[PDB]
file structure.pdb (PDB, C-alpha atoms)
MODEL        1
ATOM      1  CA  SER A   4       0.336  -1.456 -10.802  1.00  0.00           C
ATOM      2  CA  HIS A   5       3.091  -3.964 -11.518  1.00  0.00           C
ATOM      3  CA  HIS A   6       6.264  -4.995  -9.711  1.00  0.00           C
ATOM      4  CA  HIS A   7       9.223  -2.649  -9.675  1.00  0.00           C
ATOM      5  CA  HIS A   8      12.859  -3.738  -9.694  1.00  0.00           C
ATOM      6  CA  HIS A   9      14.373  -1.856  -6.770  1.00  0.00           C
ATOM      7  CA  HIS A  10      17.543  -3.318  -5.281  1.00  0.00           C
ATOM      8  CA  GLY A  11      16.575  -2.134  -1.821  1.00  0.00           C
ATOM      9  CA  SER A  12      13.738  -3.342   0.397  1.00  0.00           C
ATOM     10  CA  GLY A  13      12.467   0.192   0.921  1.00  0.00           C
ATOM     11  CA  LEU A  14       9.100   1.056  -0.586  1.00  0.00           C
ATOM     12  CA  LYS A  15       7.900   4.410  -1.926  1.00  0.00           C
ATOM     13  CA  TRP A  16       4.302   5.631  -2.240  1.00  0.00           C
ATOM     14  CA  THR A  17       4.500   4.966  -5.975  1.00  0.00           C
ATOM     15  CA  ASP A  18       5.293   1.254  -5.502  1.00  0.00           C
ATOM     16  CA  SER A  19       1.581   0.396  -5.626  1.00  0.00           C
ATOM     17  CA  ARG A  20       1.929  -3.326  -6.300  1.00  0.00           C
ATOM     18  CA  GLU A  21       4.509  -3.908  -3.558  1.00  0.00           C
ATOM     19  CA  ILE A  22       2.587  -1.963  -0.917  1.00  0.00           C
ATOM     20  CA  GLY A  23      -0.712  -3.605  -1.813  1.00  0.00           C
ATOM     21  CA  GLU A  24       0.894  -7.051  -1.661  1.00  0.00           C
ATOM     22  CA  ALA A  25       2.442  -6.174   1.705  1.00  0.00           C
ATOM     23  CA  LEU A  26      -0.909  -5.129   3.154  1.00  0.00           C
ATOM     24  CA  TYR A  27      -2.525  -8.324   1.868  1.00  0.00           C
ATOM     25  CA  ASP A  28       0.262 -10.469   3.271  1.00  0.00           C
ATOM     26  CA  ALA A  29       0.058  -8.730   6.662  1.00  0.00           C
ATOM     27  CA  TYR A  30      -3.749  -8.577   6.951  1.00  0.00           C
ATOM     28  CA  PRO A  31      -4.940 -11.693   5.020  1.00  0.00           C
ATOM     29  CA  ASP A  32      -8.640 -11.679   5.901  1.00  0.00           C
ATOM     30  CA  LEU A  33      -9.412  -7.971   6.148  1.00  0.00           C
ATOM     31  CA  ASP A  34     -11.669  -6.925   3.240  1.00  0.00           C
ATOM     32  CA  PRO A  35      -9.814  -4.093   1.418  1.00  0.00           C
ATOM     33  CA  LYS A  36     -13.112  -2.664   0.185  1.00  0.00           C
ATOM     34  CA  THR A  37     -14.056  -1.697   3.742  1.00  0.00           C
ATOM     35  CA  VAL A  38     -10.775   0.089   4.463  1.00  0.00           C
ATOM     36  CA  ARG A  39     -10.685   3.870   4.870  1.00  0.00           C
ATOM     37  CA  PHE A  40      -7.792   5.892   3.439  1.00  0.00           C
ATOM     38  CA  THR A  41      -7.184   7.513   6.824  1.00  0.00           C
ATOM     39  CA  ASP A  42      -6.463   4.120   8.385  1.00  0.00           C
ATOM     40  CA  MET A  43      -4.686   2.557   5.417  1.00  0.00           C
ATOM     41  CA  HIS A  44      -2.333   5.546   5.261  1.00  0.00           C
ATOM     42  CA  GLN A  45      -1.260   4.861   8.840  1.00  0.00           C
ATOM     43  CA  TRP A  46      -0.887   1.128   8.266  1.00  0.00           C
ATOM     44  CA  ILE A  47       1.322   1.747   5.241  1.00  0.00           C
ATOM     45  CA  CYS A  48       3.508   4.233   7.122  1.00  0.00           C
ATOM     46  CA  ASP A  49       4.057   1.578   9.796  1.00  0.00           C
ATOM     47  CA  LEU A  50       5.123  -1.112   7.343  1.00  0.00           C
ATOM     48  CA  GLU A  51       8.693  -2.240   7.983  1.00  0.00           C
ATOM     49  CA  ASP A  52       9.634  -1.563   4.355  1.00  0.00           C
ATOM     50  CA  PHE A  53       7.897   1.807   4.096  1.00  0.00           C
ATOM     51  CA  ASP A  54      10.622   4.285   3.172  1.00  0.00           C
ATOM     52  CA  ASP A  55       8.843   7.441   2.071  1.00  0.00           C
ATOM     53  CA  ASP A  56       7.497  10.632   3.628  1.00  0.00           C
ATOM     54  CA  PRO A  57       4.044  10.222   5.230  1.00  0.00           C
ATOM     55  CA  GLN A  58       3.122  13.705   3.990  1.00  0.00           C
ATOM     56  CA  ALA A  59       3.727  12.685   0.378  1.00  0.00           C
ATOM     57  CA  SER A  60       0.621  10.583  -0.229  1.00  0.00           C
ATOM     58  CA  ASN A  61      -2.528  11.739  -2.032  1.00  0.00           C
ATOM     59  CA  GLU A  62      -5.856  10.107  -2.933  1.00  0.00           C
ATOM     60  CA  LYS A  63      -4.676   8.934  -6.350  1.00  0.00           C
ATOM     61  CA  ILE A  64      -1.722   7.208  -4.696  1.00  0.00           C
ATOM     62  CA  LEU A  65      -3.916   5.567  -2.057  1.00  0.00           C
ATOM     63  CA  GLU A  66      -6.609   4.490  -4.530  1.00  0.00           C
ATOM     64  CA  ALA A  67      -3.946   2.736  -6.620  1.00  0.00           C
ATOM     65  CA  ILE A  68      -2.762   0.827  -3.552  1.00  0.00           C
ATOM     66  CA  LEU A  69      -6.320  -0.021  -2.484  1.00  0.00           C
ATOM     67  CA  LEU A  70      -7.042  -1.415  -5.954  1.00  0.00           C
ATOM     68  CA  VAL A  71      -3.941  -3.628  -5.787  1.00  0.00           C
ATOM     69  CA  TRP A  72      -5.001  -4.903  -2.376  1.00  0.00           C
ATOM     70  CA  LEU A  73      -8.470  -5.658  -3.768  1.00  0.00           C
ATOM     71  CA  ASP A  74      -6.820  -7.574  -6.627  1.00  0.00           C
ATOM     72  CA  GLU A  75      -4.564  -9.573  -4.312  1.00  0.00           C
ATOM     73  CA  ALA A  76      -7.602 -10.358  -2.147  1.00  0.00           C
TER      74      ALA A  76
ENDMDL
END
call {"tool": "encode", "arguments": {"input": "structure.pdb", "output": "structure tokens"}}
result
Amino acid sequence: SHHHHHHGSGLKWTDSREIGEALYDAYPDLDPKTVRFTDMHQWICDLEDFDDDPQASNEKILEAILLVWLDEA
């Protein structure tokens, strides 16, 4: 998961690096390993830059984001 080059600030479920970085920046001391997909999904949908459909996520998408968060942490 590497950085994309969007011109807009809006993030899509596939922007794994950007979302993971956002979560890390917003919740600096929360251990990503302990986070449940059910909760993370909601936190991502509430991100200011989130610009996708909440229904469009899946476990592969969320695992990618969780792994980026773990890396940033």
call {"tool": "atom_distance", "arguments": {"input": "structure.pdb", "atom1": "CA of residue 32 (chain A)", "atom2": "CA of residue 75 (chain A)"}}
result
11.2 Å
call {"tool": "closest_residue", "arguments": {"input": "structure.pdb", "among": "A:54, A:49, A:42, A:66", "to": "residue 23 (chain A)", "atoms": "all atoms listed in the file"}}
result
A:66
call {"tool": "resolve_selection", "arguments": {"input": "structure.pdb", "expression": "the PyMOL selection byres ((chain A and resi 52) around 12)", "output": "ChimeraX atom specification"}}
result
/A:11-16,18,21-22,24-26,46-51,53-55
call {"tool": "atom_distance", "arguments": {"input": "structure.pdb", "atom1": "CA of residue 35 (chain A)", "atom2": "CA of residue 7 (chain A)"}}
result
22.1 Å
call {"tool": "closest_residue", "arguments": {"input": "structure.pdb", "among": "A:44, A:36, A:63, A:20", "to": "residue 4 (chain A)", "atoms": "only C-alpha atoms"}}
result
A:20
call {"tool": "atom_distance", "arguments": {"input": "structure.pdb", "atom1": "CA of residue 33 (chain A)", "atom2": "CA of residue 10 (chain A)"}}
result
29.6 Å
call {"tool": "axis_aligned_box", "arguments": {"input": "structure.pdb", "around": "region 8-17 of chain A", "padding_each_side": "6 Å", "output": "JSON"}}
result
{"center_x": 10.9, "center_y": 0.9, "center_z": -4.4, "size_x": 25.2, "size_y": 21.4, "size_z": 22.6}
call {"tool": "closest_residue", "arguments": {"input": "structure.pdb", "among": "A:67, A:6, A:17, A:27", "to": "residue 40 (chain A)", "atoms": "all atoms listed in the file"}}
result
A:67
call {"tool": "build_atoms", "arguments": {"input": "structure.pdb", "residues": "region 33-47 of chain A", "atoms": "N, CA, C and O atoms", "output": "compact mmCIF listing (two decimals), keeping the file's coordinate frame"}}
result
# COMPACT_ATOMS: atom_id res chain seq x y z
N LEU A 33 -8.76 -9.27 6.04
CA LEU A 33 -9.41 -7.97 6.15
C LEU A 33 -9.86 -7.58 4.74
O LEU A 33 -9.04 -7.53 3.83
N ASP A 34 -11.15 -7.30 4.56
CA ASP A 34 -11.67 -6.92 3.24
C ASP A 34 -11.23 -5.51 2.87
O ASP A 34 -11.68 -4.54 3.46
N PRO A 35 -10.33 -5.38 1.88
CA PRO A 35 -9.81 -4.09 1.42
C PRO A 35 -10.90 -3.08 1.10
O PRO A 35 -10.72 -1.89 1.33
N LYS A 36 -12.02 -3.56 0.55
CA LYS A 36 -13.11 -2.66 0.18
C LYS A 36 -13.65 -1.85 1.35
O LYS A 36 -14.17 -0.75 1.15
N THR A 37 -13.55 -2.39 2.56
CA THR A 37 -14.06 -1.70 3.74
C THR A 37 -13.05 -0.76 4.38
O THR A 37 -13.38 -0.04 5.33
N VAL A 38 -11.82 -0.75 3.88
CA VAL A 38 -10.78 0.09 4.46
C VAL A 38 -10.82 1.56 4.08
O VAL A 38 -10.98 1.91 2.92
N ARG A 39 -10.69 2.43 5.09
CA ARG A 39 -10.68 3.87 4.87
C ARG A 39 -9.26 4.35 4.63
O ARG A 39 -8.32 3.85 5.25
N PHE A 40 -9.10 5.33 3.75
CA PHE A 40 -7.79 5.89 3.44
C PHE A 40 -7.07 6.38 4.69
O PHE A 40 -5.86 6.21 4.82
N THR A 41 -7.81 7.00 5.61
CA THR A 41 -7.18 7.51 6.82
C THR A 41 -6.45 6.42 7.59
O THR A 41 -5.34 6.64 8.06
N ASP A 42 -7.07 5.25 7.69
CA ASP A 42 -6.46 4.12 8.38
C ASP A 42 -5.37 3.47 7.54
O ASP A 42 -4.26 3.24 8.03
N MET A 43 -5.67 3.19 6.28
CA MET A 43 -4.69 2.56 5.42
C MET A 43 -3.39 3.36 5.36
O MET A 43 -2.31 2.80 5.38
N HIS A 44 -3.51 4.69 5.29
CA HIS A 44 -2.33 5.55 5.26
C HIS A 44 -1.42 5.24 6.45
O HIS A 44 -0.20 5.11 6.29
N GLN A 45 -2.02 5.14 7.63
CA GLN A 45 -1.26 4.86 8.84
C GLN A 45 -0.64 3.47 8.81
O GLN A 45 0.50 3.29 9.22
N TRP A 46 -1.40 2.49 8.33
CA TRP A 46 -0.89 1.13 8.27
C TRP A 46 0.30 1.04 7.32
O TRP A 46 1.28 0.35 7.60
N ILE A 47 0.23 1.75 6.20
CA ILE A 47 1.32 1.75 5.24
C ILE A 47 2.56 2.41 5.83
O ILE A 47 3.68 1.92 5.67
